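Engineer: Here you go, one structure.
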Amino acid sequence: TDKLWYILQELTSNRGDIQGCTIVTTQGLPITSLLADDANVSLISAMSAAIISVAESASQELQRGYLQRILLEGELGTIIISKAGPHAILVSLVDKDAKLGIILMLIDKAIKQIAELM
Amino acid sequence: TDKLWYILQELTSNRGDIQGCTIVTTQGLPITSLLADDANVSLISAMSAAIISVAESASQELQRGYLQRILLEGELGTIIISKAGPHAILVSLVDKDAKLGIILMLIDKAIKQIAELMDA
């Protein structure tokens, strides 16, 4: 759990554009988190897991293959939910005006590391 | 419908890594499409609308505001689902290695035009 949180530290602080992060089980249980005290870790975890289930089915049926990552771009912020091996998911809360390419690079690196640790 | 299909024609012809497009209602019904003969239009439209609804509920619950765009990346390809005003949704199937910068620029232009044409 410690090295996971340090992966999250790396990811989060490479730029102030990543608002927060959490590593969660595939079925919505938070493993570790780097989030504001006020944030709702449990709801973020459960919603991300549910979205991943739905998007997994849709990805496979939409000829896209196995789901790797899904971005939800809202008017106030972005949520990037990435598969980090078959046992974990990485949820990244991202500023609306963030540079998407940099963040996707950082998330790729963090995913590789997390999947390694699992 | 003709103007919307011309928007799709421009979008899809500007990029070879855009596999196909469709403009669908919020209820998942195809308004118009420029898709390969192999594609299942009704399935693509309905699943895009369903993804949109579920992720919208989630985003709003997590206080990220109204959902504007979804990018779903799979091992074999990507699908981009963009709100084009409150009445339409643009679905874009693109290659696994597509150039997302230019594609998202073109999609922004296309959704602006679609929303213009739908605000009647």
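From first to last, the protein sequence lines are chains E and D.
Going from the first sequence to the entry's author numbering is simple: count from 1 and add 11.
Going from the second sequence to the entry's author numbering is simple: count from 1 and add 11.
Backbone N, C-alpha and C fix where the C-beta goes; we use that ideal spot for every residue, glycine too.
Using a Cβ cut-off of 8 Å (strictly closer), state whether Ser-70 of chain D contacts chain E.
Structural biologist: Numbered from 1 along the second sequence, position 59 holds the residue referred to as residue 70 of chain D. Closer than 8 Å: yes.
Engineer: What's the gap between the Cα of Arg-26 of chain D and the Cα of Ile-114 of chain D?
Structural biologist: Here the question's residue 26 of chain D lines up with position 15 in the second sequence. Here the question's residue 114 of chain D lines up with position 103 in the second sequence. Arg-26 of chain D and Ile-114 of chain D: Cα-Cα distance of roughly 7 Å.
Engineer: With DSSP run on the structure shown, which of helix, strand or coil describes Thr-12 of chain D?
Structural biologist: Taking the second sequence and counting its residues from 1, one reaches residue 12 of chain D at position 1. In the structure shown, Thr-12 of chain D sits in coil (DSSP, three-state: anything other than H, G, I, E or B).
Engineer: Please list, in chain order, the chain D residues whose beta carbon lies closer than 7 Å to that of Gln-74 of chain E.
Structural biologist: Looking up residue 74 of chain E in the first sequence gives position 63. Within 7 Å Cβ-Cβ: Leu-87, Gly-88.
Engineer: Just how far apart, CA to CA, sit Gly-76 of chain D and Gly-85 of chain E?
Structural biologist: Here residue 76 of chain D refers to the residue found at position 65 of the second sequence. Here residue 85 of chain E refers to the residue found at position 74 of the first sequence. Those two C-alpha atoms are separated by around 5 Å.
Engineer: In terms of DSSP beta bridges, what is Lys-94 of chain E paired with?
Structural biologist: As a position in the first sequence, residue 94 of chain E is number 83, starting the count at 1. DSSP lists E:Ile-100 as partners of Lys-94 of chain E.
Engineer: Could you tell me which chain E residues have their CB closer than 8 Å to the CB of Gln-79 of chain D, listed as they occur along the chain?
Structural biologist: Residue 79 of chain D sits at position 68 when you count from the first residue of the second sequence. The answer, in chain order, is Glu-84, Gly-85, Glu-86.
Engineer: Can you tell me where the beta strand (DSSP E) with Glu-84 of chain E in it begins and where it stops?
Structural biologist: Here the question's residue 84 of chain E lines up with position 73 in the first sequence. 78 to 85 is the span of the beta strand (DSSP E), which, as asked, contains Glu-84 of chain E.
Engineer: Using the Cα positions of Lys-94 of chain D and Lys-14 of chain D, report the straight-line distance between them to the nearest angstrom.
Structural biologist: Sequence index remark: in the second sequence, residue 94 of chain D carries index 83 (1-based). Sequence index remark: in the second sequence, residue 14 of chain D carries index 3 (1-based). Cα-Cα distance, rounded: 18 Å.
Engineer: Would you kindly work out how many angstroms separate the C-alpha atoms of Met-58 of chain D and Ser-44 of chain D, rounded to a whole number?
Structural biologist: One-based indexing of the second sequence puts residue 58 of chain D at position 47. One-based indexing of the second sequence puts residue 44 of chain D at position 33. If you take the alpha carbons of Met-58 of chain D and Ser-44 of chain D, they lie about 15 Å apart.
Engineer: Are the C-beta of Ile-62 of chain E and some C-beta of chain D separated by less than 8 Å?
Structural biologist: Start at 1 with the first residue of the first sequence, and residue 62 of chain E comes out as number 51. Cβ-Cβ to chain D under 8 Å: yes for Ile-62 of chain E.
Engineer: Does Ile-114 of chain D have its Cβ less than 8 Å from a Cβ in chain E?
Structural biologist: As a working mapping, residue 114 of chain D is identified with position 103 in the second sequence. It does not: the Cβ of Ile-114 of chain D has no partner Cβ on chain E nearer than 8 Å.
Engineer: Could you check the C-alpha separation between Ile-91 of chain D and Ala-109 of chain D for me, to the nearest Å?
Structural biologist: Walking along the second sequence from the start, residue 91 of chain D turns up at place 80. Walking along the second sequence from the start, residue 109 of chain D turns up at place 98. Using only the alpha carbons, I get a separation of about 12 Å.
Engineer: Anyone know if the C-beta pair for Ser-56 of chain D and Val-105 of chain D falls short of 8 Å?
Structural biologist: Locating residue 56 of chain D in the second sequence gives position 45, where the first residue counts as 1. Locating residue 105 of chain D in the second sequence gives position 94, where the first residue counts as 1. Not in contact: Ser-56 of chain D and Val-105 of chain D (Cβ atoms no closer than 8 Å).
Engineer: Quick one, which of D:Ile-100, D:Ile-62, D:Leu-19, D:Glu-67 has its alpha-carbon nearest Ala-47 of chain D's?
Structural biologist: As a first step, residue 47 of chain D is located in the second sequence; it is residue number 36 there, counting from the start. The shortest Cα separation from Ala-47 of chain D among D:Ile-100, D:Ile-62, D:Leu-19, D:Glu-67 belongs to D:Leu-19.
Engineer: Along the chain, where does the beta strand (DSSP E) that runs through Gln-74 of chain E open and close?
Structural biologist: The sequence position of residue 74 of chain E within the first sequence is 63, counting from 1. Element bounds for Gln-74 of chain E: n/a, residue is neither H nor E.
Engineer: Going by DSSP, what residue range makes up the beta strand (DSSP E) through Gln-124 of chain D?
Structural biologist: Locating residue 124 of chain D in the second sequence gives position 113, counting from the first residue. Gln-124 of chain D -> not in any beta strand (DSSP E); alpha helix (DSSP H) instead, spanning 111 to 129.
Engineer: What residues in its chain sit with their C-beta under 6 Å from that of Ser-70 of chain D, if we drop five residues either side in the sequence?
Structural biologist: Indexing the second sequence from 1 puts residue 70 of chain D at position 59. Answer for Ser-70 of chain D: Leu-78, listed in chain order.
Engineer: Are the beta-carbon atoms of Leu-22 of chain E and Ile-100 of chain E separated by less than 8 Å?
Structural biologist: Walking along the first sequence from the start, residue 22 of chain E turns up at place 11. Walking along the first sequence from the start, residue 100 of chain E turns up at place 89. The answer is no: Cβ separation not under 8 Å.
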